[PDB]
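Below is one structure, written out as C-alpha cells; comments come after it.
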Amino acid sequence: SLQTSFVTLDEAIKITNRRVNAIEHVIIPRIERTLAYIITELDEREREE
Amino acid sequence: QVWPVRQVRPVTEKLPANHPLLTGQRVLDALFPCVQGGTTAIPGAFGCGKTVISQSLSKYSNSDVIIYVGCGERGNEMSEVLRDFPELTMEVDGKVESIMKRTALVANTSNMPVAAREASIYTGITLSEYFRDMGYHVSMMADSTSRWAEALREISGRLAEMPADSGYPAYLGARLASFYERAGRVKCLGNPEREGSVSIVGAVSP
Amino acid sequence: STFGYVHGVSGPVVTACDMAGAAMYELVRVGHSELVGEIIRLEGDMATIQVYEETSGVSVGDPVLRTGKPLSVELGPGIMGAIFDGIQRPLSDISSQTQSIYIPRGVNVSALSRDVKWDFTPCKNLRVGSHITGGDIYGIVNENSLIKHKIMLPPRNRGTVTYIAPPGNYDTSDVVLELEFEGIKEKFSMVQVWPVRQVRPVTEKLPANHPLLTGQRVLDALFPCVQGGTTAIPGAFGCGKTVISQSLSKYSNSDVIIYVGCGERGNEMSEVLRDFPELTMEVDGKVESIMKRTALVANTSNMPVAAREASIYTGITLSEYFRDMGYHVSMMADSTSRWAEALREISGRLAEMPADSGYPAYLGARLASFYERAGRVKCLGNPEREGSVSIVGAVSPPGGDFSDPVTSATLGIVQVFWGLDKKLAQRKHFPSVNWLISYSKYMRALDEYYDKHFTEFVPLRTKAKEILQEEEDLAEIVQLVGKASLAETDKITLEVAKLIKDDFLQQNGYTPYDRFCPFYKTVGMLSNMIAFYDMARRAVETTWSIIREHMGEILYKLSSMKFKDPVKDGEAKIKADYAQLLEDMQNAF
Amino acid sequence: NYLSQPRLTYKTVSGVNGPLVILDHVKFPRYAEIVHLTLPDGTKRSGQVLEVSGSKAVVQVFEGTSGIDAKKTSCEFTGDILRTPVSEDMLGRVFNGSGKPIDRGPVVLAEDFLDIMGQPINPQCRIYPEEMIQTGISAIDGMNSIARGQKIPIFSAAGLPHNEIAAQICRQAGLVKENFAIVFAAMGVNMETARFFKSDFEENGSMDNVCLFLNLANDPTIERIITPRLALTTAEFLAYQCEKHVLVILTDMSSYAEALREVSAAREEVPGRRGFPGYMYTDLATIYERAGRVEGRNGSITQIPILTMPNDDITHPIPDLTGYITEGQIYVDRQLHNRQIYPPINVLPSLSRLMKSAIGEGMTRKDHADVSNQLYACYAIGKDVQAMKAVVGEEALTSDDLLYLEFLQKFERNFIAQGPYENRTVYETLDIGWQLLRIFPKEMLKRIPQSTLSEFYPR
Ligand SMILES: Nc1ncnc2c1ncn2[C@@H]1O[C@H](COP(=O)(O)OP(=O)(O)O)[C@@H](O)[C@H]1O
Ligand SMILES: [Mg+2]
C-alpha cells in the first residue's frame, strides 16, 4: 500500500515540477519582456507627440 | 533619348503575370513563389542575409537584364559585385558569356549624400522601364528602400514639415506606392508587338 | 548700463529688456525684493531670465540688477560647521538674522559672514616683491583645532607681492594681499569666488593607490574603495544608508567630510541636521565633535528646483577647494536620483526633447562631468602638496530595480558599488552589504600598496570570495537533494562560510569594541579563518563528524575574535599569533 | 590656391540660446565655415556655422555658450571650412579631442591641410579586402575572422572588459603566416581608461607609431563630434597618401552618439528612435565607410570601433545602426564574464561578413571554412539544449544532447578562453577546434561533407 503510493507520487510530482518551471522559465520571462516592449514603445509615441 | 526619371514610361496596356521568377533557392521557388512582373519585399535585421538573396537572384534568375540599385548600401558590397560577376559565365545559345554584360549598377553608398538616395531609386526604375520596352524581362533589386525612407525624413525635417508616425513624412506611403507600381509584365508600345516585364525585389531594413 | 527693466514675466521666466552687456548663465537680481535669477536666452537687447524663486508681484519696470558672475560659491573661512542650501545661503545664519522659521525669498545674506574675525598668519618666506602664481598657499588661518584653513591664490590671477598683511585678526572683507601685474595692482580679501560648473584647475592627475578605511569589515576587505575614487550605493528607505554615511564621517582617514543632501525630503533632512551636530570624533587627544570638519548642503524638496540642480555642483566645488589645501576630502551625495529629477524639471521647463524615459539628452554627460571631478591629484602651487576627493553617491531607483536611465548611467561611471540589501536588513544582518552583486574595480591599484604594507592579504581575499560563491551554489542543492548526499570536501566549506558570515561579514555597530576596527585586525581574523580552511582540506583528504564536535572550543576561539577591545592593540596581534597554533595542535589528532 | 584676404571680425551677435550663437549682418556667410569667438574675458572658442540665411549665420561653439556676451564678444570668420593640420610627424604623440597637443609638445608642422569631413571613395576603384589579420584570439581568428580593410565593431556593455581586449588585438595584430600604425580615438572615456591605454602603448614599445587622440568626460560634448573626424583623416592620410597599413580604434562610440543626440536636441531636429536624430545612420556611416583599401595604393585602413550597448540591448539604436553599416560584429557578453572567461565572447550574435574571402587554401588552409560552421552549429544546438535542462531536468534529455552539454563546457573554457597575453596562431585555433569536434561522432557533424572528414576527424 505504501509501495504503490510511492511509485505514483514521484511520477505525479515530476509533472508538477515541470509545470512550475515552465511558468518560471518560459511564460513569466516572456510576459516580462513583452511588458518591457510596451513601456518603451509607449515612450516613443510621447516623443512623437 | 532623354527621359525624366519621375515620369512613368507610356505603354500600351498592362498584362497579368503568368510565368514565375526562378530565384534558384528552394524555399523561395516552392513555398513563396515570385513571378516576373511582380513586387517583392525582403525585410530583416542585420546579418540575416538580405544581400545573399539579392546576389543569388542577380546571378541565377531567368531574367534577360539585371539592374542593381545600391540605395544607402555598403561601399564594399558594390565592389563585391563587380569582382565575381566578370568571371561567372552563363549559357544561353551554347555560348558562354559573363553576367556582367547584362548587369548595370546604380551605386549610392551610405557615405554618399542622402538626397541622391531618392535619385538613385528613380534612376534605376527608369533604366528598368527602358529595357522593358525592348521586350526583355528586367529584374530590379533595390537595396535598401529603408534608406530611401530615411532620406525623405531628413529632407522634410529641414523644410519643417510635420511628421507622420516615427518621424517619416506623411507622403512616405505615396512615394513607395509610385515606385512599386512601375513594375509589371506589360505589352510595350510599338509596331513589332513585343512584351516585357519589370520585377522589383526591394530590401527593407527595419 | 547697470540695471535692466523687466518688460514681462510669464511664470518662472522673466524676459528682461535693457540688458545689452549681459552674458549667458549669469545671475541677476529681479525686482524690488531682488529675486535671484539666471540668464538663459539672450535675444539682442532683451534677455530671458528664469528666476529661482516665486515670481509673484513682479511689476513691468522693476530693476533687474545684473551681477556679472555665473552661479558661484564663496570660498574662505567660516565654512566648516556651516549649513547651506544648493545656491549656498547659510540656513543657520538666516534664522538668527531674521528670527523667523521660513526662508524670506528676498534674502541676499552672504554665505561667509563678514563679522567674525580670523587669525591670519603669512606663509613665512613669502616676502614682499616675490613672484606668485595661481594655487600657491598664501597664508594659514586656524579655523578650528583640526582644520588649518590655508589661504591660497585664485588660479585665474598672478603677479608680484606689493603688500602682505601682518599676522593678526582680520575679517573676510579686509584686504590681505595686493599683487602687481603689467597694468594695475589688484587687491582682494581672504575669500575667493569660483563658479560651480567650471572644474578647478590642477597640475596633473594621479592614479589612486591609498584605500579608504571605512571601518566596516565587508567594505574594507572584500569591496575596497580608494581615496580619490567613485562609489555608489542603493538609497532605499532602510537598509544601512544612514549607518554607512555616519561611519564614513566618523572613522575614515579623511580630513574633511561634506554631505550633500540634495532635494531629499521633509523629515529625512531634519534627521540629518539634528544627528550630525551631535556626533563625536576620536582625535589623538580628547573627543571632539564631527562638525569641526563637516560642511552640509541641506536642500529639501520644498526649495527651488534650480537650487536642487546646483546642489551637486555646489558640494563638489567645496570638495575641490579643500582638495587644493592638501587635505583628503570625502564627499557623500544623497541622493543623485533626486538630483536627476531636478534635471527633468529644468529640461521640462524649457521644453527640451526627452531622450531616455523623460530625462534629458545631457543626463549621462552631467553625471560623467561630476564623477570625473573626483580623484587623487597633485594640486597647483609651489609648496607641492597632494590632495584627493572621494565621491559616494547614493542611487534611489524605483522599486529596487537596477535598470534605469539614472542607475545604468551611474554604474557605468562609478567603480565601486557597495550593494546594500533590504532583505539582509530584514534578517538583522548588519551591515546589509550584499556580496553577490557588489564589485570593486579598484583592486589592482590597491594591489600595489598591499605589497609594501600588508603583503599577505590579497590571496586571502581571492579564496575568501571563492568560498562565498561556492556556498551559494551548494545551498541550492541542500533543499533539492539533502546534506546526507554531499561530499566530504564540500561540507567543510559550508561551515567555514557560515563562520565567515557571522564573524567576518556580520559586524555590530553598537558594540563598542566594534565601532572602528583598524586594519590588522581585518587581516588578522581572515588569516585564521582560511588557514583553518586550508588545514581542513588535507585533514579531510587524509572524518568531518569527529572534527566538528572536538573543535567546539577551538571554533569558539574563532567565533570570539571580534571582541578585541581598543585597550588591546599590540596584545591583539599576540592573541592572533597564539590562537593560530591551537589550531596547529588539533590538526594531527 | 591660398586665401589671402584679411578675415572679418563681427561684434554683431543677435541671439544666443543653448549652444547656438546667431550672428547678424554677416556679408556672404558660408555653410560649414569655421569661426573663432573672442570672449569678453579673452578666452578663445571655435565654432562651426550650421545654418546661414541671407545675412544671418547660426554658429555653434564647441566649448559651450557659458559667458558669451551680446555687446562685447567678437567673432572672427575664418574663410575656409574646418581643415586639420595633418603630417607624418602627427604620429607617436598624444593629442586632445579638439586639435591640440597634450604631452608638452609642439603643434604639428602640417604637410598638408585635409578637410576632416573627407570625401567618399568611388566604389569603382575600391578593392575588396582579402588578406586576413591574425589577432591571436580564437574567438576572433577562428569563427569571426577579420580582414585587412574590414570595419568590425566590438559590441560591449558597461563593466565588461572591452578595453582589455582592445589592447590585446593591438599588440597581436599580424598577417597570417612593416607594423600597423595605430590611430586611437578615446572619446568620453574615464581618466583611468585613458591611463590604461597610455600605459599599454608605452609598455609594448609601439608608441613610435601610435596616434592616440584622447577626449575625456570633462571635455565638452560638442568636441566629441569632430573627434573621430580628426582621427580618421590622419588615418586617411597615412594610408592613402603615405602608403601604410592603419588600424583605427574608436571608443566609445556610444559616447559619440549620446553627444550627437545633445546637439540634435538643441537644434530641435527631428528625432528617430529613443531621441536620437534621424540622420544618425548617415553620421555613423560617414566615419565607418572611411575604411578599406583602394586599388592604386598599397596601404589600407581597418576599423574596430568599440561601443557599449545600453542595458545589454542589441536592438538599441546604437548597435542596430552600426550593425547595418559595418561588416559583422564581435559580441562580448556579460553572462560569460561572470564565469571568469577573459574574452566573454558569445559567438552566436557575432559575425564577420568578409571572413569568407579571408579563409581558404591560399589564406590559411582547407578546413577553416568548414570547422567554423560546425563549431557554430554545435554551440547553437547545445545552448538551446541548455535552456531545456534548466526547465525539465539534467537527466531526462536525449542521449546525444549530453554530448552537447560536454561540448559547451569545453567550448567556453578551452576554445575561447585563452588569457590576456596568449597569442595563438590560426593553425593552433583549428587544431583546438578539431579536438572539441572529436567528442562528437562522425555522422552527427552534418555541416561538414564526408570528404574533409576523412583527413581531419581520425586523429
Ligand atoms: N546562403 C548562405 N550560406 C552561407 N552563409 C550565408 C548565406 N547567406 C548569408 N550567409 C551569412 O550571413 C552573413 C550576412 O549576410 P548579409 O547579406 O550581409 O546580411 P545583411 O545584408 O542583412 O546584413 C554573410 O556574411 C554570410 O556569412
Ligand atoms: Mg546587406
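Each chain in the C-alpha cells gets a letter, A, B and so on, in the order shown; residues start at 1 in every chain, and ligands are counted from 1 in the order they appear.
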May I have the residues of chain D within 8 Å of chain C, counting only C-alpha atoms, written as a ChimeraX atom specification? /D:13-18,65-72,158-159,190-192,217-218,221,258,261-262,265-266,268,274-276,310-311
How close does chain B get to ligand 2? List, as a tab-separated table, each residue of chain B within 10 Å, its nearest atom pair and the distance in Å to one decimal, counting only C-alpha atoms and all ligand atoms.
```
residue	atom	partner	partner_atom_place_in_ligand_line	distance
B:44	CA	ligand 2	1 (Mg)	9.8
B:45	CA	ligand 2	1 (Mg)	9.5
B:46	CA	ligand 2	1 (Mg)	7.3
B:47	CA	ligand 2	1 (Mg)	7.7
B:48	CA	ligand 2	1 (Mg)	8.4
B:49	CA	ligand 2	1 (Mg)	6.7
B:50	CA	ligand 2	1 (Mg)	5.2
B:51	CA	ligand 2	1 (Mg)	4.5
B:52	CA	ligand 2	1 (Mg)	7.8
B:53	CA	ligand 2	1 (Mg)	9.5
B:54	CA	ligand 2	1 (Mg)	8.5
B:55	CA	ligand 2	1 (Mg)	9.9
B:70	CA	ligand 2	1 (Mg)	9.6
B:72	CA	ligand 2	1 (Mg)	9.9
B:73	CA	ligand 2	1 (Mg)	6.9
B:74	CA	ligand 2	1 (Mg)	7.4
B:77	CA	ligand 2	1 (Mg)	7.6
B:143	CA	ligand 2	1 (Mg)	7.4
B:144	CA	ligand 2	1 (Mg)	8.0
B:203	CA	ligand 2	1 (Mg)	8.5
B:204	CA	ligand 2	1 (Mg)	9.8
B:205	CA	ligand 2	1 (Mg)	8.8
```
Neighbour list for range 29-43 of chain A as a PyMOL selection string, cut-off 9 Å, only C-alpha atoms, skip fewer than 3 positions in-chain: (chain A and resi 23-26+46-48) or (chain C and resi 356-358) or (chain D and resi 274)
Residues of the last selection are to be written out with N, CA, C and O atoms, as a PDB file, in the first residue's frame.
```pdb
ATOM      1  N   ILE A  23       6.444  27.686 -16.133  1.00  0.00           N
ATOM      2  CA  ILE A  23       5.971  29.031 -15.829  1.00  0.00           C
ATOM      3  C   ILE A  23       7.157  29.949 -15.551  1.00  0.00           C
ATOM      4  O   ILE A  23       7.233  31.067 -16.074  1.00  0.00           O
ATOM      5  N   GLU A  24       8.128  29.465 -14.772  1.00  0.00           N
ATOM      6  CA  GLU A  24       9.210  30.321 -14.294  1.00  0.00           C
ATOM      7  C   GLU A  24      10.206  30.660 -15.398  1.00  0.00           C
ATOM      8  O   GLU A  24      10.872  31.700 -15.342  1.00  0.00           O
ATOM      9  N   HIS A  25      10.346  29.789 -16.395  1.00  0.00           N
ATOM     10  CA  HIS A  25      11.408  29.963 -17.377  1.00  0.00           C
ATOM     11  C   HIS A  25      10.872  30.324 -18.756  1.00  0.00           C
ATOM     12  O   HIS A  25      11.591  30.968 -19.526  1.00  0.00           O
ATOM     13  N   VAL A  26       9.645  29.925 -19.100  1.00  0.00           N
ATOM     14  CA  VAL A  26       9.119  30.098 -20.449  1.00  0.00           C
ATOM     15  C   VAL A  26       7.970  31.094 -20.507  1.00  0.00           C
ATOM     16  O   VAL A  26       7.852  31.830 -21.489  1.00  0.00           O
ATOM     17  N   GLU A  46       5.227  59.260 -27.089  1.00  0.00           N
ATOM     18  CA  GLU A  46       5.163  60.517 -26.355  1.00  0.00           C
ATOM     19  C   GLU A  46       6.180  61.521 -26.879  1.00  0.00           C
ATOM     20  O   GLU A  46       5.963  62.733 -26.787  1.00  0.00           O
ATOM     21  N   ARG A  47       7.301  61.043 -27.425  1.00  0.00           N
ATOM     22  CA  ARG A  47       8.250  61.959 -28.048  1.00  0.00           C
ATOM     23  C   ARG A  47       7.748  62.422 -29.407  1.00  0.00           C
ATOM     24  O   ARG A  47       8.067  63.531 -29.849  1.00  0.00           O
ATOM     25  N   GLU A  48       6.989  61.570 -30.097  1.00  0.00           N
ATOM     26  CA  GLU A  48       6.409  61.960 -31.377  1.00  0.00           C
ATOM     27  C   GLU A  48       5.329  63.012 -31.184  1.00  0.00           C
ATOM     28  O   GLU A  48       5.206  63.944 -31.986  1.00  0.00           O
TER      29      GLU A  48
ATOM     30  N   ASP C 356      15.629  59.727 -22.793  1.00  0.00           N
ATOM     31  CA  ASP C 356      15.510  58.380 -22.253  1.00  0.00           C
ATOM     32  C   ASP C 356      14.661  58.411 -20.989  1.00  0.00           C
ATOM     33  O   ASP C 356      15.149  58.812 -19.925  1.00  0.00           O
ATOM     34  N   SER C 357      13.401  57.984 -21.123  1.00  0.00           N
ATOM     35  CA  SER C 357      12.420  57.884 -20.035  1.00  0.00           C
ATOM     36  C   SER C 357      12.204  59.228 -19.340  1.00  0.00           C
ATOM     37  O   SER C 357      12.235  59.337 -18.113  1.00  0.00           O
ATOM     38  N   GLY C 358      11.978  60.262 -20.145  1.00  0.00           N
ATOM     39  CA  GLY C 358      11.704  61.579 -19.606  1.00  0.00           C
ATOM     40  C   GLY C 358      12.930  62.453 -19.458  1.00  0.00           C
ATOM     41  O   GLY C 358      12.907  63.626 -19.840  1.00  0.00           O
TER      42      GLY C 358
ATOM     43  N   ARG D 274      14.332  56.614 -29.698  1.00  0.00           N
ATOM     44  CA  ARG D 274      14.890  56.958 -28.386  1.00  0.00           C
ATOM     45  C   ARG D 274      15.551  58.333 -28.349  1.00  0.00           C
ATOM     46  O   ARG D 274      16.505  58.542 -27.595  1.00  0.00           O
TER      47      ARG D 274
END
```
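As for CA of residue 246 in chain D and CA of residue 232 in chain D, they are spaced 9.9 Å apart.
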Applying 6 Å and only C-alpha atoms, which residues near range 305-315 of chain C remain after dropping the ones on its own chain fewer than 2 positions away? List them as a VMD selection string. chain C and resid 86 to 87 196 262 to 263 317 to 318 339 342
How about saving the chosen residues, N, CA and C atoms kept, as a PDB file, in the first residue's frame?
```pdb
ATOM      1  N   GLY C  86      21.492  74.646  -1.886  1.00  0.00           N
ATOM      2  CA  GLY C  86      22.177  74.368  -3.138  1.00  0.00           C
ATOM      3  C   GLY C  86      22.803  75.592  -3.781  1.00  0.00           C
ATOM      4  N   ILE C  87      22.235  76.768  -3.542  1.00  0.00           N
ATOM      5  CA  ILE C  87      22.812  78.009  -4.039  1.00  0.00           C
ATOM      6  C   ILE C  87      23.603  78.733  -2.947  1.00  0.00           C
ATOM      7  N   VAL C 196      30.545  77.199 -10.122  1.00  0.00           N
ATOM      8  CA  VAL C 196      30.318  75.813  -9.724  1.00  0.00           C
ATOM      9  C   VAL C 196      30.371  74.860 -10.913  1.00  0.00           C
ATOM     10  N   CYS C 262      20.421  66.363  -1.245  1.00  0.00           N
ATOM     11  CA  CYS C 262      20.014  67.025  -2.477  1.00  0.00           C
ATOM     12  C   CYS C 262      18.556  66.720  -2.779  1.00  0.00           C
ATOM     13  N   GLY C 263      17.672  67.663  -2.447  1.00  0.00           N
ATOM     14  CA  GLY C 263      16.236  67.532  -2.630  1.00  0.00           C
ATOM     15  C   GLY C 263      15.534  66.396  -1.921  1.00  0.00           C
ATOM     16  N   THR C 317      32.376  71.687  -5.627  1.00  0.00           N
ATOM     17  CA  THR C 317      33.283  72.829  -5.667  1.00  0.00           C
ATOM     18  C   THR C 317      33.859  73.111  -4.284  1.00  0.00           C
ATOM     19  N   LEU C 318      33.064  72.904  -3.228  1.00  0.00           N
ATOM     20  CA  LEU C 318      33.613  72.933  -1.874  1.00  0.00           C
ATOM     21  C   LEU C 318      34.538  71.747  -1.640  1.00  0.00           C
ATOM     22  N   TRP C 339      18.510  64.400  -7.646  1.00  0.00           N
ATOM     23  CA  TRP C 339      19.124  65.438  -8.464  1.00  0.00           C
ATOM     24  C   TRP C 339      18.737  65.281  -9.927  1.00  0.00           C
ATOM     25  N   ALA C 342      15.564  66.830 -10.754  1.00  0.00           N
ATOM     26  CA  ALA C 342      15.644  68.275 -10.930  1.00  0.00           C
ATOM     27  C   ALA C 342      16.087  68.634 -12.343  1.00  0.00           C
TER      28      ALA C 342
END
```
Please provide as number ranges by chain all residues within 6 Å of range 153-170 of chain C, with the sequence filter that same-chain residues fewer than 2 positions apart are discarded (counting only C-alpha atoms). C: 117-121, 128-136, 176-181
Expected file contents, prior selection, C-alpha atoms, as a PDB file, in the first residue's frame:
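Listed below is the output, again06.pdb:
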```pdb
ATOM      1  CA  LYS C 117      37.496  87.689  12.863  1.00  0.00           C
ATOM      2  CA  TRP C 118      40.039  85.022  11.939  1.00  0.00           C
ATOM      3  CA  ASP C 119      43.698  84.791  12.955  1.00  0.00           C
ATOM      4  CA  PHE C 120      45.684  85.118   9.727  1.00  0.00           C
ATOM      5  CA  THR C 121      49.399  84.259   9.511  1.00  0.00           C
ATOM      6  CA  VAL C 128      57.315  91.343  -0.497  1.00  0.00           C
ATOM      7  CA  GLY C 129      58.336  91.511  -4.141  1.00  0.00           C
ATOM      8  CA  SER C 130      58.147  87.744  -4.618  1.00  0.00           C
ATOM      9  CA  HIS C 131      56.529  86.301  -7.722  1.00  0.00           C
ATOM     10  CA  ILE C 132      53.473  84.152  -7.022  1.00  0.00           C
ATOM     11  CA  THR C 133      51.313  82.029  -9.325  1.00  0.00           C
ATOM     12  CA  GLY C 134      47.815  80.581  -9.073  1.00  0.00           C
ATOM     13  CA  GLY C 135      47.322  77.855  -6.493  1.00  0.00           C
ATOM     14  CA  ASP C 136      50.149  78.909  -4.172  1.00  0.00           C
ATOM     15  CA  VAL C 176      45.142  90.897   2.810  1.00  0.00           C
ATOM     16  CA  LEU C 177      47.102  90.793  -0.450  1.00  0.00           C
ATOM     17  CA  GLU C 178      47.967  93.225  -3.234  1.00  0.00           C
ATOM     18  CA  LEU C 179      49.563  91.881  -6.422  1.00  0.00           C
ATOM     19  CA  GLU C 180      51.214  93.960  -9.145  1.00  0.00           C
ATOM     20  CA  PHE C 181      50.670  92.903 -12.759  1.00  0.00           C
TER      21      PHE C 181
END
```
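Neighbouring residues of residue 61 in chain B at 7 Å or closer, counting only C-alpha atoms and skipping chain neighbours under 4 positions away, are residues 21, 22, 23, 24 and 57 of chain B.
In the backbone-derived DSSP annotation, strand (DSSP E) within range 388-479 of chain C comprises residues 388, 389, 390, 391, 392, 393, 394, 395, 416, 417, 418, 419, 420, 433, 434, 435, 436, 437, 438, 439 and 440 of chain C.
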Could the residues of chain A within 7 Å of chain D, counting only C-alpha atoms, be given as a ChimeraX atom specification, please? /A:18,21-22,25,44
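With CA of residue 420 in chain C on one side and CA of residue 434 in chain C on the other, the separation reads 5.7 Å.
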Can you pull out every residue from range 79-199 of chain B that DSSP, working from the backbone, puts in helix (DSSP H, G or I), and format the result as a PyMOL selection string? chain B and resi 79-84+99-102+116-132+145-158+165-167+172-180
At a cut-off of 9 Å, list the chain D residues touching chain B, using only C-alpha atoms, as number ranges by chain. D: 119-129, 269-273, 278-279, 281-283, 285-290, 292, 320-321, 323-328, 349, 351, 353
If you count only C-alpha atoms and all ligand atoms, the residue of B:2, B:17, B:104, B:27 closest to ligand 1 turns out to be B:27
